[PDB]
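Chemist: No letters, just coordinates:
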Ligand SMILES: [Zn+2]
């Protein structure tokens, strides 16, 4: 039936409806730190989120998304391996049922408790829909979450989850500053990949940060109380909404640091 993360509709079944699932540049992948190539040509990342305008938080079924106004260059990502300006449209997370799993990308096979994805699209394409049809249409910033000390900047997100427990529910979410979710350092790995959920389009430049952010056990616990199901339906907890690592194939992962 509809795709998901269950036993009968999980990632291993996706290829039946989305053949590209077995493509040449699928994500996520395992980052082998000893095989990554240091590239002195890579520029520092430029994150300009000072004018970011968040609008709403939505339970999309497979995750919850925090949406931003992308009708102007308010919150953009530039530099790094990117050519052009990419506007932030939304961010969401992937997490597990236990602290030992949850992230999509892994580092030397190590899994993190969760993974934050800040999605941006290339403005030269006019809109997000056009952008996903291009090889350099999207730029996704990936940040790992490890369980430890609480992240003050994440609490605002945590407190509103009760209002969007089931699929389809949304709530106004204005004046949220995404800068509170960034680690201290912006050193990264980068490689050409895809969207990790259907339609799995191979239109993404991945920028995965080396430094994880820490969140508290209580904070991640609240993520696990969300439901995949819609109201009035049998409760299915939203956990383990991550896709396992895919073959790197003929791709090279580059590092901005040595
Ligand atoms: Zn994602």
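Modeler: On my side now, so go ahead. Residues are numbered from 1 along each chain as shown.
Chemist: The residue nearest to residue 61 when sequence neighbours are not counted: which element?
Modeler: Using CB to CB, 6 or more residues apart in numbering and skipping the chain neighbours, the partner closest in space to residue 61 is residue 167 (4.3 Å). Heads up, the C-betas are built off the backbone N, CA and C, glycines and all. Assigned by DSSP states H and E, residue 167 belongs to no helix or strand.
Chemist: cool, and residue 133?
Modeler: Following DSSP H and E, there is no helix or strand that holds residue 133.
Chemist: Any figure for the gap between it and residue 121?
Modeler: Shown here: residue 133 relative to residue 121, a distance of 11 Å by CB to CB, to the nearest Å.
Chemist: Next, residue 153: secondary structure please.
Modeler: helix (DSSP: H, G, I helix; E, B strand; the rest coil).
Chemist: Find the nearest non-adjacent residue to it, please.
Modeler: Nearest residue to residue 153 in three dimensions, chain neighbours excluded: residue 180, at 2.3 Å (CB to CB, 6+ apart).
Chemist: Quick check: phi and psi on the residue nearest to residue 61?
Modeler: Dihedral pair for residue 167: phi -50, psi 130, per degrees, to the nearest 10.
Chemist: ok, now which ones touch it?
Modeler: Counting by CB atoms under 8 Å, 6 or more residues apart in numbering, residue 167 makes contact with 59-61, 227-231.
Chemist: Check these and tell me the two furthest apart.
Modeler: 60 and 231 (14.6 Å; CB to CB).
Chemist: for residue 229, what are its contacts?
Modeler: So residue 229 contacts 166-167, 235-236 (CB under 8 Å, 6+ apart).
Chemist: Just give me the neighbour total for residue 192.
Modeler: As a burial measure, residue 192 scores 18 neighbours (other CB atoms under 10 Å).
Chemist: just to revisit the earlier point, take the contacts of residue 167 and keep only those in helices.
Modeler: In helices, defined here by DSSP state H, there are no members of the contacts of residue 167.
Chemist: hmm, back to that, among the contacts of residue 229, find me the one that's closest to residue 1.
Modeler: Residue 1 lies nearest to residue 236 out of those, by CB to CB, at 13.5 Å.
Chemist: quick one: residue 2 from residue 171, how far?
Modeler: Distance from residue 2 to residue 171, counting by CB to CB: 24 Å.
Chemist: Kindly report the same for residue 228.
Modeler: 18 Å.
Chemist: Give me the three-state assignment for residue 161.
Modeler: Classified using three-state DSSP, residue 161 is helix.
Chemist: where's the closest residue to it other than its chain neighbours, which helix or strand?
Modeler: Nearest non-adjacent residue to residue 161, counting by CB to CB, 6+ apart: residue 222, 5.6 Å away. Following DSSP H and E, one finds residue 222 within helix 217-223.
Chemist: cool, and residue 191?
Modeler: For residue 191, the host element (DSSP H and E) is strand 188-193.
Chemist: Show me what the helix or strand following that strand is packed against.
Modeler: Note on strand 188-193: by DSSP H and E, the next helix or strand toward the C-terminus is strand 204-209. Other helices and strands packing on strand 204-209, by 3 or more CB pairs under 8 Å, 6 or more residues apart in numbering; DSSP states H and E, are strand 138-147, strand 188-193.
Chemist: Run through who's touching the last one.
Modeler: Spelled out, that is strand 188-193. Against strand 188-193 from outside (CB under 8 Å, 6+ apart): 25-29, 31, 36, 42, 45, 80-81, 135, 202, 204-210, 248, 251-257.
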